[PDB]
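Asks: Protein chains in written order, with PDB author numbering: chain M, 325 to 377; chain g, 110 to 163; chain J, 2 to 55. Every residue, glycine too, gets a C-beta built ideally from N, C-alpha and C.
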Amino acid sequence: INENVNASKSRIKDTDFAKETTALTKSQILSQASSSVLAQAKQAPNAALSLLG
Amino acid sequence: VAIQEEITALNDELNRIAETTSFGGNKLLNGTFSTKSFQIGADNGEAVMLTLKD
Amino acid sequence: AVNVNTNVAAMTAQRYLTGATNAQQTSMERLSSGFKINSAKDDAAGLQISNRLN
Numbered sequence: 325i326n327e328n329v330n331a332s333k334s335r336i337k338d339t340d341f342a343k344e345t346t347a348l349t350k351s352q353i354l355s356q357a358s359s360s361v362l363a364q365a366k367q368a369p370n371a372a373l374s375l376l377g
Numbered sequence: 110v111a112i113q114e115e116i117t118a119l120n121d122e123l124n125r126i127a128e129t130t131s132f133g134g135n136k137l138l139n140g141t142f143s144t145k146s147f148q149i150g151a152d153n154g155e156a157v158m159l160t161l162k163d
Numbered sequence: 002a003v004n005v006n007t008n009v010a011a012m013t014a015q016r017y018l019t020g021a022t023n024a025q026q027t028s029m030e031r032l033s034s035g036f037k038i039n040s041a042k043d044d045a046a047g048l049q050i051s052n053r054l055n
């Protein structure tokens, strides 16, 4: 029983490194992507002053 | 008897897979998905029929 | 010509500029989000099927 219940507990609480590593990888990319977009957006208004203020 | 019982179960599993497999609720292997055309052309009529049997 | 109460050429510029700025925003959003159909405005049908697939 112990062995079986430990297995069940793992299926419910234990983490799957493969899927979790994947999400960490995906998270980092989306972060780097957003940061780049943010940087470009932060410069959007910089176009306005080009119109002689 | 045991083997028959075992297969009895697999038989049901096959039926389940058939009456559950779906591409967004459009059951695919139960038969309900008969020949459906896929317009793969920029103009009308340029389609290809796909048939999923039971 | 030689008028000082109308600059239709300028008006045209703004019109195109606006269109460009709008396009920039939509792309930026898609890039930052990672999804093309963010709002249903992008694709009413896409949202419908994507949500059900999700």
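Within the chosen definition, does the stretch 25–35 of chain J reach the stretch 347–366 of chain M through at least 3 CB pairs nearer than 8 Å?
Replies: yes
Asks: Does the beta carbon of M:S360 come closer than 9 Å to any beta carbon on chain J?
Replies: yes
Asks: In whole angstroms, what is the alpha-carbon distance linking J:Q25 and J:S40?
Replies: Roughly 16 Å between the two C-alpha positions.
Asks: Classify J:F36 as helix, strand or coil using the three-state DSSP reduction.
Replies: Note: J:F36 maps to coil in three-state DSSP.
Asks: Within this structure, are the beta carbons of g:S146 and g:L138 separated by less than 9 Å?
Replies: Taking 9 Å as the Cβ cut-off, g:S146 and g:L138 do not qualify as a contacting pair.
Asks: What would DSSP say about M:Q367, mapped onto helix, strand or coil?
Replies: coil
Asks: In angstroms with no decimal places, state the Cα-to-Cα distance between g:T129 and g:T117.
Replies: 18 Å
Asks: Does any residue of chain J bring its CB to less than 9 Å from the CB of M:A347?
Replies: no
Asks: Is the Cβ-Cβ distance between g:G133 and J:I50 less than 9 Å?
Replies: yes
Asks: Taking the alpha-carbon positions, what's the g:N153 to J:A46 distance?
Replies: The straight-line gap from Cα to Cα measures roughly 20 Å.
Asks: Please work out which residues of its chain come closer than 7 Å, Cβ to Cβ, to J:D43, disregarding the five sequence neighbours upstream and downstream, and give them in chain order.
Replies: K37
Asks: Determine, using beta carbons only, whether J:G20 comes closer than 9 Å to chain M.
Replies: no
Asks: Output needed for g:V157: all residues of its chain with C-beta closer than 8 Å, excluding positions within five of it in sequence on either side, in chain order.
Replies: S146, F147 and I149
Asks: Among g:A111, g:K162, g:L119 and g:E114, which has the Cα closest to the Cα of g:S143?
Replies: The option with the nearest alpha carbon to g:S143 is g:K162.
Asks: Got a sec? Which residues, its chain only, sit under 6 Å from g:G140 by beta carbon, not counting five neighbours each side?
Replies: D163
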